[PDB]
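First the structure, in the form of structure tokens, and then the observations on it.
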Amino acid sequence: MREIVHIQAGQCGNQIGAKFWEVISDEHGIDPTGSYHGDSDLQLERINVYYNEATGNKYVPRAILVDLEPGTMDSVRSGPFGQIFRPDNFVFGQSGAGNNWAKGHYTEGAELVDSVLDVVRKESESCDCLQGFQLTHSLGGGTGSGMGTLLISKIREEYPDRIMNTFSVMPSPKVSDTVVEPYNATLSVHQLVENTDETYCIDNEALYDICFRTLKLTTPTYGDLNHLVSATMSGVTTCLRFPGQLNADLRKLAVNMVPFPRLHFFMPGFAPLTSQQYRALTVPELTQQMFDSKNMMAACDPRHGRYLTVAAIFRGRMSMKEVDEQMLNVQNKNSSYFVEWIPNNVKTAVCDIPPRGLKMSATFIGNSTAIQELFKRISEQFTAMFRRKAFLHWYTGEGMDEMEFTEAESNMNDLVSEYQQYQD
Amino acid sequence: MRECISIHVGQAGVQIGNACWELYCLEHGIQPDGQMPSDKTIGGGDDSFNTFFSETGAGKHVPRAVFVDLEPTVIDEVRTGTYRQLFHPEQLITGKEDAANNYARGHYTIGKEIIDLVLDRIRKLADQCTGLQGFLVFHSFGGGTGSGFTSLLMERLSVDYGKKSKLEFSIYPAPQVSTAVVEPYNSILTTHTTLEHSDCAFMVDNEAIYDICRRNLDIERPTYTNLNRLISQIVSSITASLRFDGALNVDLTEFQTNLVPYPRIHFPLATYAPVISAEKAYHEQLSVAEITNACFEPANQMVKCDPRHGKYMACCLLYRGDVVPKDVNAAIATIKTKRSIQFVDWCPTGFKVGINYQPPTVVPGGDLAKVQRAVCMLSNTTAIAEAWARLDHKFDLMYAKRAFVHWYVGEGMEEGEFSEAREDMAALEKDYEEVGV
Amino acid sequence: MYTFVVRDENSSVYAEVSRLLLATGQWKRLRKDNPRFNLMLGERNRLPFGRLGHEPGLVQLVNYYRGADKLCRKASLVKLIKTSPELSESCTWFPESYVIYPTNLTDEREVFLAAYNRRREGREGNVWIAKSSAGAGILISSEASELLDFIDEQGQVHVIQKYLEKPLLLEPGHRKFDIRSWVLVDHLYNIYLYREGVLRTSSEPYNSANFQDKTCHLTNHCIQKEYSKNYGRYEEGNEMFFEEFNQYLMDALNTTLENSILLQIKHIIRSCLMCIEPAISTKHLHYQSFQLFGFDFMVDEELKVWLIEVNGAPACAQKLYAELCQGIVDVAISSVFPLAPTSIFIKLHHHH
Amino acid sequence: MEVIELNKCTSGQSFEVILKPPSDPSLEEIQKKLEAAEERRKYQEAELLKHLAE
Ligand SMILES: Nc1nc2c(ncn2[C@@H]2O[C@H](COP(=O)(O)OP(=O)(O)OP(=O)(O)O)[C@@H](O)[C@H]2O)c(=O)[nH]1
Ligand SMILES: Nc1ncnc2c1ncn2[C@@H]1O[C@H](COP(=O)(O)OP(=O)(O)CP(=O)(O)O)[C@@H](O)[C@H]1O
Ligand SMILES: Nc1nc2c(ncn2[C@@H]2O[C@H](COP(=O)(O)OP(=O)(O)O)[C@@H](O)[C@H]2O)c(=O)[nH]1
Ligand SMILES: [Ca+2]
Ligand SMILES: [Ca+2]
Ligand SMILES: [Ca+2]
Ligand SMILES: [Mg+2]
Ligand SMILES: [Mg+2]
Ligand SMILES: [Mg+2]
């Protein structure tokens with residue numbers, strides 16, 4: 001057994017995390033009460049990666065729910081699968097973070113972080129061989145962003161040789177709660193550059209454009225965006241939840257995907273995205289969409305940069321020969337967007353169990369230098385306010401100095417430069 | 001009678017080893033429970049097959065094999081599989097977490113912590129040997145365990161068994177079935193530290209096995225099972241002389257004598273024929289001349305290259321089935337006049353021939369058709385240097401940017417070992433050029 | 001959409017093939033180090049054949065035959081002819097030749113002298129020529145002493161072969177010449193002779209009593225345009241094409257180019273290429289090869305054709321680039337990578 | 001074309017056909033390698049912990 005400990009922090013983190021356990025619990029035949037009721041042994045093959053087994057053949061997710069206010073987690077507890085979570089794994093305060101990175105990271109968050117670690121330690125001790133950690137959170141708020149990155153820093157201090165993986169929702173003005181999101185995201189990105197091995201960049205702008213333009217949803221809600229996130233998180237973790245040789249565990253994934261330590265921010269993609277919904281999707285169609293920018297969750301044009309590494313996962317009963325053919329047809333027909341100094345940097349994996357309500361699907365995981373576009377948007381919105389010191393008093397009032405912002409600014413601009421040099 | 005200990009390291013080594021011992025049992029009439037009816041000496045004896053099997057008082061024939069993997073899911077297949085009874089627990093060694101396709105992680109980090117346990121289990125087998133010949137080590141180039149731990153194991157074996165021969169069966173990385181971008185790093189790293197410790201190594205390119213499986217067996221997308229059953233036939237052809245009565249390659253020392261005049265150039269090219277689909281209606285049995293001529297077709301080699309543009313240093317023909325020396329010499333003569341077979345001026349232009357009358361055994365329900373005769377040619381061509389060139393080139397592309405190097409340094413390996421290993425391969429490529437050009 | 005790379009920037013022939021491929025809008029050129037290519041227009045020296053055919057799902061094709069240098073190297077050609085049974089030492093269309101290594105380094109010094117002394121004793125014409133692959137450095141002499149001493153002054157392998165003292169001289173002009181033929185060998189090893197050839201004629205009258213002035217003896221397009229004073233007089237650029245050369249043979253000799261010369265040329269091309277076919281064929285290989293060869297022939301006054309050399313990286317006559325390069329794309333590339341006549345080639349059939 | 005060293009048994013035979021005549025680190029040194037790598041790993045982790053402690 002090689003266990004993954006899941007952590008979800010803040011409003012976004014807990015809402016997206018809730019849907020994730022909802023979706024994979026269905027795939028593994030687990031019902032809202034933790035009782036297995038599937039019809040295939042492949043469902044229990046890697047079940048212990050994400051689930052603990054209790055008395056009575058009960059499967060309890062190895063999940064830790066964290067927040068600085070009780071609102072969202074109360075929803076999860078009363079949510080569809082809310083009963084399945086270990087009641088001892090809910091850790092929450094009462095003050096909230098006020099969408100303030102400094103509060104999550106230095107004041108309100110600091111007061112709660114040790115109680116989260118106690119639960120993390122309790123979950124780790126019951127692990128045969130802990131693979132590492134995955135964290136769901138947004139970067140534009142205070143709890144998931146500020147306390148989320150504080151947790152990672154302290155998890156790394158205590159488990160320096162475990163893999164740290166995150167699903168990080170980047171803020172966008174098109175789907176914004178407060179104007180300080182660029183501040184919170186830029187402070188967080190520097191934390192992730194240092195202390196995570198893999199970060200799936202989930203851009204709310206891309207999630208919006210997909211819902212509006214592709215899915216034809218007039219007014220997307222957070223629930224609509226989360227449906228895309230739930231599906232994407234299920235795809236990228238398929239290789240971890242079912243048997244296979246390619247990217248089977250977190251460390252092997254990191255070895256194949258990360259050529260340089262700081263460039264570990266991935267663009268995920270999913271297919272199909274259908275709004276004419278019963279039609280069977282052919283392998284050529286899965287491959288074309290999966291590589292199409294309109295299917296990218298990071299709101300970046302891959303044609304503006306180059307792929308360092310690519311991982312693809314195909315789910316369902318399909319022509320494995322026709323998969324290799326189409327995958328090799330995308331590379332040989334667009335090799336100008338794949339770096340030529342990493343041979344055979346496009347890996348493909350196949351899983352028989354498809355997602356709920358789909359004959360077959362394809363999940364895309366790209367380490368593209370085009371991701372620098374995302375960090376450029378954040379940097380520009382950050383500088384536009386920081387040059388006038390706008391809204392800084394919310395942060396100086398929590399003990400922060402302007403110097404820490406200046407260094408976050410430089411750090412993310414260095415990151416953009418490092419991406420630019422490998423694109424040339 | 002002198003014993004041979006087989007060592008299977010990593011997933012590739014363990015799964016290939018599992019397929020070989022399946023075939024060995026079928027070839028020697030050994031049953032899954034370990035009982036060998038045709039063996040009349042119960043719980044003892046020094047027959048030819050006893051080089052690979054020991055015997056218990058209860059008449060069980062136990063492989064002289066050690067399985068080593070840093071992660072247990074593969075070796076658990078053996079513990080609960082068809083031939084679970086053949087082995088005892090002390091032979092199957094597994095760890096908790098693997099080398100993550102990281103040579104440094106398997107050689108240094110994890111290797112340092114399990115090496116002494118592995119030598120101990122091997123010593124238990126050596127203590128049962130009245131005259132140990134040496135070891136057969138199955139492993140991949142690309143895996144972190146296959147590459148990393150194997151090279152450490154080969155260093156210690158040279159220390160604890162300085163006078164014993166060591167032969168390798170090594171799986172060369174092929175992107176069509178590969179699972180790691182860094183396998184070129186691991187391949188060169190392990191070849192460098194293992195070179196001076198291996199006497200004879202048989203490289204099998206998964207690309208070659210893959211195409212043979214698609215072209216000759218009509219498997220559209222071959223699996224590891226399809227690959228390993230074909231690979232085990234070739235391995236069986238190579239080790240048959242150790243397990244059956246004969247006079248050619250009857251001990252591990254004879255492999256180096258007959259195939260390796262220059263110690264660093266110890267990578268013989270293997271070619272096998274025929275490979276016939278089991279689903280075929282009914283194939284016309286190829287003759288000694290036809291299967292022999294097939295040993296010079298690039299499509300049947302274990303490594304894709306062009307021997308026409310190299311030079312031979314040695315050449316062994318290992319026939320199994322209905323073959324007589326008269327028909328072999330006839331075919332050989334016919335081939336010299338039709339093929340470009342250039343030997344080195346300092347090596348006699350000759351062929352060593354071995355014939356085992358028992359035709360190739362095929363696993364029931366496998367993909368290979370039963371044939372009346374087959375051959376495996378072992379030839380030391382400079383043409384196999386093409387495989388080193390390809391691999392070295394991929395290494396150069398990534399290392400020029402230091403891509404993925406931090407994973408190795410992070411495990412304690414110094415960056416200089418990269419260039420040290422790559423410079424050794426450069427010298428190896430120069431040695432091939434000096435001999436065949 | 002097919003992809004190709006370019007690794008020989010100095011090739012005029014394949015510069016036009018590269019330009020033509022792009023014109024079809026169905027071929028895309030990649031950087032010279034991108035391994036994911038359908039076609040390689042490779043370098044002349046040390047082309048990395050060992051790296052071709054190992055990209056999954058890519059049918060790869062190169063414009064050179066590994067091993068074809070055995071035919072396109074001065075000394076290699078002599079060794080191939082004398083040692084191959086298909087050609088034998090009695091090969092009647094190749095001038096008597098010997099491989100001679102400079103003394104500052106097998107070698108055929110003594111065997112050449114034996115044949116030389118025989119001619120000198122027999123009153124026969126005993127003029128020879130010394131050349132090598134490291135030339136623009138050629139020496140024509142009738143004394144064996146000067147020939148051997150000229151090779152020792154150098155440092156590379158040389159070949160001494162009989163000099164055709166009775167060349168066929170075009171009139172008016174009383175001038176030597178040689179014939180260049182372009183031969184394309186595709187991936188299936190079909191041998192295609194370009195219907196168009198060229199005679200690289202000498203503009204200076206042939207003078208048998210003075211091998212010191214090498215302007216009327218060497219018909220190279222460079223020596224005639226540099227040291228020759230009548231360049232471009234009779235024909236534009238010392239290049240006569242088959243239509244003119246044929247009419248001449250009818251007016252002067254009452255024969256045709258086909259019967260008197262082309263039959264022997266086609267025979268020589270087949271013999272040479274069919275000889276090395278088992279050594280260089282890519283029929284059952286992981287990659288495929290084609291290659292364009294330049295065959296150079298001499299014609300004596302008896303209308304007998306002689307083989308002078310074979311070029312593995314030949315240039316083309318300016319007037320024939322367009323038609324020929326289009327022919328390469330048609331039968332050599334697009335035959336393997338089809339696109340979404342009256343052929344310009346003469347297929348030389350043979351047994352495989 | 002000469003055959004030599006012919007040997008025959010019940011299970012097969014072998015021979016040779018000539019077509020033409022011709023023309024380590026000690027156990028101690030291994031422990032040092034493994035311990036030097038482990039030392040660099042320990043050193044690198046101490047630098048990370050020092051960084052986190054700051
Ligand atoms: N022919 C064949 N190749 C295999 C097999 N298993 C793995 N490989 C190849 O081996 C390489 C990967 O090495 P593995 O043996 O799987 O890795 P490992 O030795 O277990 O080391 P780690 O997993 O990193 O700890 C890839 O190139 C695979 O294609 C097998 O059963 N047969
Ligand atoms: N044996 C021989 N008898 C008569 N003339 C000869 C000859 N060998 C060479 N020549 C003359 O030399 C010229 C060809 O020289 P050669 O081909 O050996 O040099 P080269 O290879 O550098 C020119 P190319 O560009 O055709 O390769 C011909 O024009 C021919 O007239
Ligand atoms: N995709 C998605 N984004 C969210 C959700 N909830 C909040 N966000 C985004 O997250 C940021 C606000 O952070 P939030 O998680 O609410 O703050 P926190 O509770 O302090 O961690 C903004 O960029 C929001 O657009 C959600 O359910 N889904
Ligand atoms: Ca407080
Ligand atoms: Ca016995
Ligand atoms: Ca040794
Ligand atoms: Mg909120
Ligand atoms: Mg493994
Ligand atoms: Mg020339």
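Note that ligands are numbered from 1 as they come in the structure, with each ligand's atoms numbered from 1 the same way. Below, chain A is the first sequence line, B the second, and so on; all start at residue 1. Reckoned from all heavy atoms, side chains included, excluding hydrogens, waters and symmetry mates.
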Any N or O on B/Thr179 sitting closer than 3.5 Å to an N or O of ligand 1? no
Based purely on interatomic distance, does B/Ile171 place a nitrogen or oxygen under 3.5 Å from a nitrogen or oxygen of ligand 1? no
Any N or O on B/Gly10 sitting closer than 3.5 Å to an N or O of ligand 1? no
For atom 16 (O) of ligand 1, find the nearest protein heavy atom and state the residue, atom name and distance (0.1 Å precision). B/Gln11 CB, 3.6 Å
What protein heavy atom sits nearest atom 31 (O) of ligand 1, and how far away is it? B/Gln15 NE2, 2.7 Å
Could you check atom 26 (C) of ligand 1 against the protein and tell me its nearest heavy-atom contact, residue, atom and distance included? B/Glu183 OE1, 3.3 Å
Mutual orientation of the aromatic rings belonging to B/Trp21 and B/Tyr24 [parallel < 30°, tilted 30-60°, perpendicular > 60°]: perpendicular
Taking 4.0 Å as the limit for heavy-atom contacts, which would you say applies to B/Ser140 with ligand 1: side chain only, backbone only, both, or neither? side chain
Per-residue contact class, B/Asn206 against ligand 1 - non-hydrogen pairs under 4.0 Å: side chain
B/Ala99-ligand 1 polar pair, N/O distance under 3.5 Å: yes
Taking the side chain as C-beta and beyond, is there a heavy-atom pair between A/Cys129 and B/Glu71 under 4.5 Å? no
Salt bridge present between C/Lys131 and C/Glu309 (N-O < 4.0 angstrom): no
Counting heavy atoms only, which part of B/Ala100 comes closer than 4.0 Å to ligand 1: side chain, backbone, both or neither? backbone
Region of B/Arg105 that comes within reach of ligand 1 [heavy atoms, distance under 4.0 Å]: neither
Does B/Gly143, backbone or side chain, put an N or O under 3.5 Å from an N or O of ligand 1? yes
Using a 4.0 Å heavy-atom cut-off, say whether B/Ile231 meets ligand 1 through its side chain, its backbone, both or neither. side chain
Taking only heavy atoms of B/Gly144 into account, list the atoms of ligand 1 that are under 4.0 Å away from them. 21 (O), 22 (P), 24 (O)
B/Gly146-ligand 1 polar pair, N/O distance under 3.5 Å: yes
Atom 29 (O) of ligand 1: the protein heavy-atom neighbour that sits closest, reported with distance to 0.1 Å: B/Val177 O, 3.0 Å
Any heavy-atom pair between the side chains of C/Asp178 and C/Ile308 that's under 4.5 Å? no
Assess, by modelled atom type and distance only, whether the side chains of B/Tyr103 and B/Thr193 contain a donor and an acceptor separated by less than 3.5 Å. yes
Any A/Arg2 side-chain heavy atom under 4.5 Å of A/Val49 side chain: no
Check each heavy atom of A/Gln245 against ligand 1 and say whether those closer than 4.0 Å belong to the side chain, the backbone, both or neither. neither
For ligand 1, the portion of B/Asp98 having any non-hydrogen atom under 4.0 Å away: both
Atom 32 (N) of ligand 1: nearest protein contact (heavy atom, Å): B/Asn228 OD1, 2.7 Å
In this structure, are over 12 heavy atoms from other groups packed under 6.0 Å from D/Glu29 atom CD? yes
Charged N to carboxylate O under 4.0 angstrom, B/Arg390 versus B/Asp205? yes
With a 4.0 Å cut-off on heavy atoms, is A/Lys252 touching ligand 1? yes
Can you check whether C/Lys214 reaches C/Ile223 side chain to side chain, under 4.5 Å on heavy atoms? no
Roughly how far, to the nearest 0.5 Å, is CG of D/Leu34 from CG of B/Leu152? 5.5 Å
Cationic N near anionic O, under 4.0 Å, B/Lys96 to B/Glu113: no
Verdict with supporting geometry, C/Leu71 and C/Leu80, side chain to side chain contact (heavy atoms under 4.5 Å, CB included): CA-CA 7 Å; C/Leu71 196 76; C/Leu80 175 61; 3.8 Å; yes
Nearest protein heavy-atom contact for atom 21 (O) of ligand 1: which residue, which atom, what distance? B/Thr145 N, 2.9 Å
Logged contact type for B/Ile209 with ligand 1, heavy-atom cut-off 4.0 Å, is neither
If you have a sec, work out which protein heavy atom is nearest atom 24 (O) of ligand 1 and how many Å separate them, to one decimal? B/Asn101 N, 2.7 Å
Angle in degrees, rounded to 10°, that OE2 of C/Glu309 and OD1 of C/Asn311 form at the Mg ion (ligand 9): 70°
Specify the closest pair of heavy atoms between B/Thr150 and B/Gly146, including all atoms of both residues, with the distance to one decimal. OG1-O, 2.5 Å
I'd like to check the ring-ring contact (aromatic ring centres under 6.0 Å, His included) partners of C/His217; sequence neighbours left out, ordered by chain and number. C/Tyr163, C/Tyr206, C/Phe211
Got the closest protein heavy atom to atom 28 (C) of ligand 1, with its distance? B/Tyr224 OH, 3.3 Å
Among pairs that include at least one residue of residues 163-185 of chain B, which meet ring pair (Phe, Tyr, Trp, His ring centres under 6.0 Å), considering only residues two or more places apart or in two chains? B/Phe138-B/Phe169, B/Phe169-B/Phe202, B/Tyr185-B/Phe395, B/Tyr185-B/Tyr408, B/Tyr185-B/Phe418
